[PDB]
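Form deposited without the ligand, single chain, as structure tokens, below.
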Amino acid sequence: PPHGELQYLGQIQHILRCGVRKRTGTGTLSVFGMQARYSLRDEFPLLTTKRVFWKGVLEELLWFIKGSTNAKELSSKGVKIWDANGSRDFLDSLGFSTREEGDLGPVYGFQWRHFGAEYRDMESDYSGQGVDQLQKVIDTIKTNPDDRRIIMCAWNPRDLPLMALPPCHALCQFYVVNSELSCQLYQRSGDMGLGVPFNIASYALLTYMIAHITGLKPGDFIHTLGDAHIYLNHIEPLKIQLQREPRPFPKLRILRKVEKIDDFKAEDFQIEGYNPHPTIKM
């Protein structure tokens, strides 16, 4: 079968061959509605035509599981991707003055384990408050794997205003058939250049983690896009990437048996056979 990465690339071509020109501007070729499927059967979708910040992926996900909404908690691990939206300055440009530095608000972490609970600050303890979606999802996979209501949604219209940054991961569904676990992510906005690759890895990792705990095997991962765009700043770099030939995907391994989703630790994972192409500038 066709190397999975070809889909991501097959899309970049489309965004350019049919994307229409159009915050902070910077320009962008957009497209509306796309879907790519990546296999998780004895392989992990970690694009090779360009290196992917695996540590960021793995370290950020574990950060969501905890339900943490503190940018600092994640940066203290070396991943500074969420710091910008945590700086005292930014929080101010949003009206959030009483807000402590590092507080992102009811973002992913909060939505995943305390959906619906009234948000206060990153320190407050929301235990027993809200709906623990991540856990309910795991529980259903276990007792009713044929359920078509296994959905985890981070889009809370009532909390959007309090967020330092709106979700680009409205929701994701889980599917179980023949002992194989699949997941479909619905991204409202995707930066094909510096985001989608990270995103693919992010949710494919979650599927593995979930499949491990439910005692199932990973299947497919459907990445569905709403507004897929390319920033003109990447029109060149990417044009070079397309040149590159996709190398066989690496493999993910869970070095130890784990019971609860929270018990997962960074050291529990290993990426073997990851041979990505060089890195120019982007």
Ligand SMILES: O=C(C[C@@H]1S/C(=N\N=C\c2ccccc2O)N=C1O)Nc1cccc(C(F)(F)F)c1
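Sequential numbering from 1, following the sequence displayed.
Separately, the form deposited with the ligand bound exists; it is not shown, and the next lines address it.
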TODO: Could you superimpose the pocket C-alphas so that the ligand sits on this ligand-free chain as it does in the deposited bound form, and then tell me whether the site is open or blocked by the 2.4 Å backbone/C-beta test with a threshold of 3 atoms?
DONE: blocked
- [ ] Counting only non-hydrogen atoms, choose the one of 209-217, 242-250, 50-58, 32-40 that falls within 4.5 Å of the ligand in the deposited bound form.
- [x] 50-58
Open item on the list: With a cut-off of 4.5 Å between heavy atoms, is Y186 one of the residues that contacts the ligand in the deposited bound form?
Closed with: no
- [ ] Answer for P197 alone: is it within 4.5 Å of the ligand in the deposited bound form, judged on heavy atom distances?
- [x] yes
- [ ] Report yes if any heavy atom of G109 sits within 4.5 Å of a heavy atom of the ligand in the deposited bound form; otherwise report no.
- [x] no
Open item on the list: Between the ligand and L74, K77 and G193, in the deposited bound form, does every residue show a non-hydrogen atom at 4.5 Å or closer?
Closed with: yes
